[PDB]
Amino acid sequence: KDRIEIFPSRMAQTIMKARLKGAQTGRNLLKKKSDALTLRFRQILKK
Amino acid sequence: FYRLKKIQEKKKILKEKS
Amino acid sequence: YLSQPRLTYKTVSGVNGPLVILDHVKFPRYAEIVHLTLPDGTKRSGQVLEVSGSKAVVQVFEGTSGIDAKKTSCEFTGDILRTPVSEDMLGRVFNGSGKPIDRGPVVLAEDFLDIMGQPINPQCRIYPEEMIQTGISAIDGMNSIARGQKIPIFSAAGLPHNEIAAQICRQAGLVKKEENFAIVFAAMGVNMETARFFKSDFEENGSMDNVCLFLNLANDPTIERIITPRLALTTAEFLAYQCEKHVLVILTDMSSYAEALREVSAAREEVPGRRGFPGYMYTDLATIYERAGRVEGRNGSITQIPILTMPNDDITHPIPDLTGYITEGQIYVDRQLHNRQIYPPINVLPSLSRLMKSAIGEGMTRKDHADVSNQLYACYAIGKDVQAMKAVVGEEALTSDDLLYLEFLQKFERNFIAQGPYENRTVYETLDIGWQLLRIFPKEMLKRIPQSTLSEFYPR
Amino acid sequence: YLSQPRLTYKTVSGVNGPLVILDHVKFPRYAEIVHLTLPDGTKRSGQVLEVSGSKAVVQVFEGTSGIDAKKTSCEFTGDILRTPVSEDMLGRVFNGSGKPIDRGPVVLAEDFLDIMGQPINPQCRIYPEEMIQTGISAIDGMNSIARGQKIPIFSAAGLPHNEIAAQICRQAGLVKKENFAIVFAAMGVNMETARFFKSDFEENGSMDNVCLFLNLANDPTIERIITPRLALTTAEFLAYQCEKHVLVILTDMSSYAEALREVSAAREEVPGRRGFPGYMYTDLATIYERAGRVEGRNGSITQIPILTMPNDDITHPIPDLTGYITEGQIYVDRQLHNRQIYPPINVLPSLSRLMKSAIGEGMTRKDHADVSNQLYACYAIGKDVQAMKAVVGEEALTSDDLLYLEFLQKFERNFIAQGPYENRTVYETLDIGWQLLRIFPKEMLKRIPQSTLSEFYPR
Amino acid sequence: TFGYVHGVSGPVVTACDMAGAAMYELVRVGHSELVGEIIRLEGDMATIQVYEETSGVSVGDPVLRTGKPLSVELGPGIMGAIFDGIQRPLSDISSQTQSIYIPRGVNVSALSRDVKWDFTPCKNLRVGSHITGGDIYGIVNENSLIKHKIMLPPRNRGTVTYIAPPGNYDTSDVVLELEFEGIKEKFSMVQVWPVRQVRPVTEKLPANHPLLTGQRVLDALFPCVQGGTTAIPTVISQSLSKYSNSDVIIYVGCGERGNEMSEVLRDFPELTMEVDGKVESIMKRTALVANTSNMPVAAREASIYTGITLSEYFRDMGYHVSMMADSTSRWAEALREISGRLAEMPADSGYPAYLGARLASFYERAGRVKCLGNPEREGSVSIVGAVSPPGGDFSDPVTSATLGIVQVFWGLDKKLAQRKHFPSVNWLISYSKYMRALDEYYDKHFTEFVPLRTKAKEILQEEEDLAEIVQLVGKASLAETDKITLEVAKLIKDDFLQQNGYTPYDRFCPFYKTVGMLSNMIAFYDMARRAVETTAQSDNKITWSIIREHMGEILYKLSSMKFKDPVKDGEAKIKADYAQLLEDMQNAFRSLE
Amino acid sequence: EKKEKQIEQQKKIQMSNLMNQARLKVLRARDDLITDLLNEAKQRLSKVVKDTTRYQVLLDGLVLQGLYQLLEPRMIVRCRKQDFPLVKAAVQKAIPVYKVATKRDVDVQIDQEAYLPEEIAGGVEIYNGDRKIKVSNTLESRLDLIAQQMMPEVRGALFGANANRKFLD
């Protein structure tokens, strides 16, 4: 639960830097997709 | 770091013999 | 011949771990076997690792306890390690050094071959163009082995990769549609429960008359494990390239070979490369593996199945990363299939054999082999996605076509992958098991299979 | 001076890789140059690596393939590696060792300067004051470079950083409202970019400003280490003794550090962090800190290093130490090169830490501070709308988020986009920058104060 | 002339009585004559690395000193021969020993000393002509395609006092006896050149002519030139061996597997080529360097230098050589284990510090040259490397230090392989820096292609920054100019960058048909854009979904361009079909408006 | 307009390729005047080797400059064929002048088997005992060392000062 099983090497450093970076791009969608849905959600309460 | 250093002194032991 | 008598030096000038150096040695060879005599009356054996002028160091195999610088005589044979090789050693059991441990005689040699061998000419090598059937459905139905291939079975510590290997040793054979087929089983660094199992399995089923067994235990010395896979291949390179047989070599626990090759090289204070293993390990694994394949002119072939253990299930370890650089596929004994009690637990999704196209089809097995295999591989790939997605999204999102890829996935793991360790299926009854599993789907949904073979084999 | 004759030893005691070790040497200097002549006749050059009593370890530049310890003659010089500098070497193409390759003659020296160089006295520096005008809008409008700044260009392999460097060299000059020169050092280049540099600068008519040092990739990896030191000693003659303003472009400083790591490990040294030498911070600093203005002289040196980040990593020790000594970065971006924008310079991460002193009234113009940070805000707010438009669609965007997506289609294709031969002077990168700020009304431009909005918006 | 083995220690042999021994020069270690290389002198001793197996080499063994480093034999008999990494002819050790093995210390001539070649002098020399290094003095009819030109060695000059009469000769007799001032010497028909020395030239011309590869992708979007260097991280290499504009192929496998090296030697003497209506075996204009991983590690590193020195020799005749250097990453794994035997300090992940220096000392021997010699020749050498990273990264020191040297990257991935797309082209990390050199060939001969190539790389890029939102949001509230660049962009990715290499329409793609397919596809994109932007506000605003239902028969002719056979059909039978279709694309839009 | 922006670029390539070889052709006509000034200093050097009262006092310098560089207990001096007494009378005046300056003893003797080739312009060469370390003190290798370290000074006197160089440090 505390580490993803891989062993320390130079290649396995770039893959867990890409998977972290490939997760921060997913959260950046979902951080603003929720607020874009919250942008319509206030207007229904403003209706 | 140490293992590449340790093989260097063993080359110096080989050169003070000669 | 060798007519000159051998010098028995007593000039031991230093002991350092497993290594003994001498002095006043007259013209010492490289890799020349010496025969030590201890003071209390016992004998050992060694090998010369480095000469320098009139001084040669000696790597004693069986240990170093008792070797003093006064009374141990080293007798220099003046010859490299050559092993006695015969055709009637099919049916014997030798240890890691060539000594027989089946309470029998020492082998009467036909010709003393050298255990380093010779490199095979690439101008005299032929592409593997038939099949070794092995009895296991997941290795013959979907990852078919060509005669002259090198396909390692990757596994982990605790998985049944010994009962798989012993099942392959009893059920290997041609794809008949047998006097020139033989197994050479080498076990390196096995514990006592495994090498009694390898000995009590090949007499209990009567499959001994074609198997040579080179056992090498963990309590045995670490240098006998180095020269064990060069006895098993020199026996194999005799049975196929001089006696014209189809040989299958099983090298159980090749990860313990790389644990001994790290142990020998650390004794010589040498430089370590990736993760402690030596720099020369890529050319030392390929010294073993590349003694395989069919040749031109002879009517024999050597197939190799090495067997590894990935530490902590990490495929990126240097023993699987470098044996996937020289060989031609994987088998991937899986843990998640063992923990749900399936035998053999073979993960067909990461397993591959790069030479499957030259082992199947008309004349080899049957003309529907190449299309059943990659269709079962597609309905097992989709089935592993459905159950991965239905756990994260919920149970009520499945449509009626979607549950069908789970009826396959349960019946694939019970009728195709589940075998039972004494059930020997030929290839004609792996595909007839595989064809009644493809009739779970209707005809419109099998899109990996062409219509010209769907209209011959599918309806029953 | 050095009037005594030179000793020519043939007492070679061994060869081990690129090292030739002599013995019975009469008082050997350190870092002294020797001249080895082979059995067949091939003259090679080398530098003394270690002296010990009567010994000398010599590192041959062109390798040791053919040297025997019986018939090789190794003539010592007695003096260290120096360059001949002159003002007439503005307009020549030298290689890494300093020999001409443009069918030219040997440079008649005005001085012989030691190329290692002495540091500048930190009291005798002045803060950088005026503007160096490059001609590329993305680094003159919003990322302006002072006179004496050290600002590296950060890029990656495959990206066109080498044509950005060639377009800076063709159009670099002052900020006009006789003393400008360019020293272009090219380390680790291949042949097809060496004949890009040799052919572009000589037939675009401005070879007379530039002094080209082309160090190839197949040339020795020790000659890549004396290449930026030949280029900076030429720049320190031309600027601090001839009062010119020199721009020093060092191309692919990540290829210097791959030749420094190779020279270090062939000196039988033990590597440090990530395999690079432990002295890598004070080795780049001997290159980068040869810059700035000086007190009492009218010249300056402004440096533009260029880097290639491996795997777009920023924590790699070649961009880590460059961002540790130099002031800002430029960030050539990959997502703009695929969209076919030249020059593909990203604005949002890029920065010039001395940009607020290179701008203003009497240096560039009065609104250069207020225009640049206004275009920086509207480039950031548009790129949020750029992603947001895909999430909600076009029918859900108002007449606010359409002014930012219509500006964004014209900031990338008119301000950033330049073309390789279009020298936009800095008075024309503001009028470009204003006719994008007219897409917005004066009720929307928050970063510009109202006093210069009255003077520059209505036209 | 005589040394003695003082002590062996693994593959490294220490020899004494070696006073004037050069570095890297060849020795014959032992009583079996194992070839070695002097790598370290210390006074009068000489540390030797042995190119073979060292078991059985006692002390006091004779070490012969030759005076010449590791060098290849250049001459007639090379084309078709299967060599080793130190040029040991494997198709003749299999005959003179009649076995399946390579015994230790074989000394077989690399060129045959029994085949009689028909010598033909250059008819402009005489007894008393002046000739210098590079001037062609002979022509050998090696086989039907190759005109093997005999050339003088570089740094050799003088006046001919003996030319050989035209007839039939072996490669041992004295064909040329020219004299320098005072000393007479003798030349044979073979010459010997060290593999780490560059073969000299006059000048290095720019690489300005396109290397025609047989495919539609990699020849429009990422072009290579004759004289360029690529990287492929067998359907791209076998395609260049049959159809391309190269006259000599050199395939060098450095450490490839045994069964995948026995595959190529089975396949090449079955391949045919089309020259003048006749079919010819392609093993008349290629020479292979066979090297497996069982081979010596010293003969695996030297296979790259033997391969490019063979590649440079046929350049000087005037041919345009194309060398494919398979598995460069296996070659670097030979540099890792030589450096570990020397106790050299590693820099990056065990690789030596000079990994980039050795690769740039190989990749920079490629290029168009003005050949050394009298009759003003011009040849070229194209190098095609093949890095195999440990799972597709640019983190290892071999893949990242190749992309700092080469100009073309034909970047392939593993994720984009199960689409059955075949090639596994990525077109995001793959580049070509020969777009500025080819702005003269495209603008003169083709005069239209650069703006279509600028647009077609952009349409495949705007699809990427849409496709993350097309997955997550899913085509719900989208603009209609983006639906063009997802359906026209889809039409490229299944009908322009899509291949299948065994088919009778997609094994060769001629370039006039390659620009002929993109001349229609970009026109359909700009006419879909001009329709949707001028009919965005006026009256009866349309979407895409009213066009693709109406123009479904237009999208069949725009999808049946890849299925027209370039081999059976005529040369002008294919452009008129693409010029008649344009008026079924100019009139078709005028049926909606 | 695209064709007209093209040839006007093609006009400036021709003007730049000729101004480039303009600076090179005038830099080669500055190099030829230098390499012929050294040819006059190579011929005026050989108008001193014809002299003897001005060359014996010079060969006292060049030999003792070599015996101080080597400092070996047995040195060997090479010279020309007809220049043996002017070298010998320089050797004999030097060995006591050596010994009072170095507190060493030497056995220095002139090689009567191998000569310096007569095409050189004078001077000697001093070897050590087994001819492994040699000192070239010929006059042609002394003019080459002297002139290259005077190239700033002859440039400053022949072609004038640098019109833009304000400082020297």
# chains A, B, ... in the order shown; residues from 1 in each chain; ligands from 1
>>> select_by_dssp(residues="range 246-387 of chain C", states="strand (DSSP E or B)", output="list in words")
residues 246, 247, 248, 249, 250, 251, 252, 272, 278, 294, 295, 301, 302, 303, 304, 305, 306, 307, 329, 330, 333, 346, 352 and 353 of chain C
>>> residues_around(residues="range 6-18 of chain B", least_positions_apart="4", cutoff="9 Å", atoms="only C-alpha atoms", output="PDB file with N, CA, C and O atoms, in the first residue's frame")
ATOM      1  N   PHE B   1      30.604   3.561  -5.491  1.00  0.00           N
ATOM      2  CA  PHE B   1      31.651   4.554  -5.287  1.00  0.00           C
ATOM      3  C   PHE B   1      32.878   3.902  -4.680  1.00  0.00           C
ATOM      4  O   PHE B   1      33.999   4.097  -5.157  1.00  0.00           O
ATOM      5  N   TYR B   2      32.673   3.113  -3.627  1.00  0.00           N
ATOM      6  CA  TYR B   2      33.764   2.460  -2.923  1.00  0.00           C
ATOM      7  C   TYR B   2      34.418   1.374  -3.765  1.00  0.00           C
ATOM      8  O   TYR B   2      35.646   1.257  -3.762  1.00  0.00           O
TER       9      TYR B   2
ATOM     10  N   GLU C 269      37.423 -11.033  -6.635  1.00  0.00           N
ATOM     11  CA  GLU C 269      37.453  -9.590  -6.364  1.00  0.00           C
ATOM     12  C   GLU C 269      37.197  -8.768  -7.628  1.00  0.00           C
ATOM     13  O   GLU C 269      37.765  -7.692  -7.822  1.00  0.00           O
ATOM     14  N   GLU C 270      36.336  -9.283  -8.496  1.00  0.00           N
ATOM     15  CA  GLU C 270      36.130  -8.674  -9.799  1.00  0.00           C
ATOM     16  C   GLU C 270      35.081  -7.582  -9.713  1.00  0.00           C
ATOM     17  O   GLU C 270      34.458  -7.377  -8.670  1.00  0.00           O
ATOM     18  N   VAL C 271      34.905  -6.869 -10.815  1.00  0.00           N
ATOM     19  CA  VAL C 271      33.992  -5.724 -10.787  1.00  0.00           C
ATOM     20  C   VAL C 271      32.559  -6.212 -10.986  1.00  0.00           C
ATOM     21  O   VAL C 271      32.326  -7.172 -11.744  1.00  0.00           O
TER      22      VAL C 271
ATOM     23  N   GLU D 268      41.119   8.710 -14.990  1.00  0.00           N
ATOM     24  CA  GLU D 268      41.096   7.777 -13.864  1.00  0.00           C
ATOM     25  C   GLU D 268      40.621   8.469 -12.584  1.00  0.00           C
ATOM     26  O   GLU D 268      41.224   8.352 -11.518  1.00  0.00           O
TER      27      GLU D 268
ATOM     28  N   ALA E 343      38.862  -2.576 -16.208  1.00  0.00           N
ATOM     29  CA  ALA E 343      38.601  -1.842 -14.967  1.00  0.00           C
ATOM     30  C   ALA E 343      38.541  -0.336 -15.234  1.00  0.00           C
ATOM     31  O   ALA E 343      39.212   0.476 -14.602  1.00  0.00           O
TER      32      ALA E 343
END
>>> interface_residues(of="chain E", to="chain A", cutoff="9 Å", atoms="only C-alpha atoms", output="list in words")
residues 349, 390, 391, 393, 394, 395, 396, 469 and 472 of chain E
>>> closest_atom_pairs(of="chain E", to="chain D", cutoff="6 Å", atoms="only C-alpha atoms", output="CSV")
residue,atom,partner,partner_atom,distance
E:20,CA,D:70,CA,5.1
E:21,CA,D:68,CA,5.5
E:22,CA,D:68,CA,4.4
E:23,CA,D:66,CA,5.1
E:40,CA,D:16,CA,4.8
E:41,CA,D:14,CA,4.8
E:42,CA,D:14,CA,4.3
E:43,CA,D:13,CA,4.9
E:345,CA,D:265,CA,5.9
E:347,CA,D:275,CA,4.6
E:348,CA,D:275,CA,5.7
E:353,CA,D:262,CA,4.7
E:354,CA,D:262,CA,5.7
E:360,CA,D:218,CA,5.4
E:361,CA,D:218,CA,5.2
E:458,CA,D:339,CA,5.8
E:477,CA,D:393,CA,4.9
E:478,CA,D:393,CA,5.1
>>> atom_distance(atom1="CA of residue 169 in chain E", atom2="CA of residue 121 in chain E")
12.2 Å
>>> closest_atom_pairs(of="chain E", to="chain C", cutoff="7 Å", atoms="only C-alpha atoms", output="JSON lines")
{"residue": "E:6", "atom": "CA", "partner": "C:53", "partner_atom": "CA", "distance": 5.1}
{"residue": "E:7", "atom": "CA", "partner": "C:52", "partner_atom": "CA", "distance": 3.9}
{"residue": "E:8", "atom": "CA", "partner": "C:51", "partner_atom": "CA", "distance": 5.6}
{"residue": "E:9", "atom": "CA", "partner": "C:50", "partner_atom": "CA", "distance": 4.6}
{"residue": "E:55", "atom": "CA", "partner": "C:30", "partner_atom": "CA", "distance": 5.3}
{"residue": "E:56", "atom": "CA", "partner": "C:30", "partner_atom": "CA", "distance": 5.0}
{"residue": "E:57", "atom": "CA", "partner": "C:29", "partner_atom": "CA", "distance": 5.6}
{"residue": "E:58", "atom": "CA", "partner": "C:29", "partner_atom": "CA", "distance": 3.9}
{"residue": "E:59", "atom": "CA", "partner": "C:27", "partner_atom": "CA", "distance": 5.3}
{"residue": "E:60", "atom": "CA", "partner": "C:27", "partner_atom": "CA", "distance": 6.7}
{"residue": "E:90", "atom": "CA", "partner": "C:123", "partner_atom": "CA", "distance": 5.8}
{"residue": "E:91", "atom": "CA", "partner": "C:123", "partner_atom": "CA", "distance": 5.9}
{"residue": "E:100", "atom": "CA", "partner": "C:121", "partner_atom": "CA", "distance": 5.4}
{"residue": "E:101", "atom": "CA", "partner": "C:120", "partner_atom": "CA", "distance": 4.5}
{"residue": "E:102", "atom": "CA", "partner": "C:119", "partner_atom": "CA", "distance": 5.8}
{"residue": "E:103", "atom": "CA", "partner": "C:118", "partner_atom": "CA", "distance": 6.7}
{"residue": "E:257", "atom": "CA", "partner": "C:326", "partner_atom": "CA", "distance": 5.8}
{"residue": "E:258", "atom": "CA", "partner": "C:290", "partner_atom": "CA", "distance": 6.4}
{"residue": "E:259", "atom": "CA", "partner": "C:127", "partner_atom": "CA", "distance": 6.1}
{"residue": "E:262", "atom": "CA", "partner": "C:125", "partner_atom": "CA", "distance": 5.5}
{"residue": "E:263", "atom": "CA", "partner": "C:127", "partner_atom": "CA", "distance": 5.8}
{"residue": "E:293", "atom": "CA", "partner": "C:286", "partner_atom": "CA", "distance": 5.9}
{"residue": "E:294", "atom": "CA", "partner": "C:287", "partner_atom": "CA", "distance": 5.6}
{"residue": "E:295", "atom": "CA", "partner": "C:119", "partner_atom": "CA", "distance": 6.8}
{"residue": "E:337", "atom": "CA", "partner": "C:279", "partner_atom": "CA", "distance": 5.5}
{"residue": "E:340", "atom": "CA", "partner": "C:279", "partner_atom": "CA", "distance": 6.0}
{"residue": "E:350", "atom": "CA", "partner": "C:273", "partner_atom": "CA", "distance": 6.2}
>>> select_by_dssp(residues="range 35-133 of chain F", states="alpha helix (DSSP H)", output="ChimeraX atom specification")
/F:35-43,56-70,84-92,95-102
>>> residues_around(residues="residue 165 in chain E", least_positions_apart="5", cutoff="10 Å", atoms="only C-alpha atoms", output="list in words")
residues 119, 120, 121 and 175 of chain E
>>> write_last_selection(atoms="C-alpha atoms", output="PDB file, in the first residue's frame")
ATOM      1  CA  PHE E 119      40.570  -7.983 -64.954  1.00  0.00           C
ATOM      2  CA  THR E 120      39.959  -5.010 -67.216  1.00  0.00           C
ATOM      3  CA  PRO E 121      42.292  -1.995 -66.900  1.00  0.00           C
ATOM      4  CA  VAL E 175      48.581  -6.652 -61.058  1.00  0.00           C
TER       5      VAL E 175
END
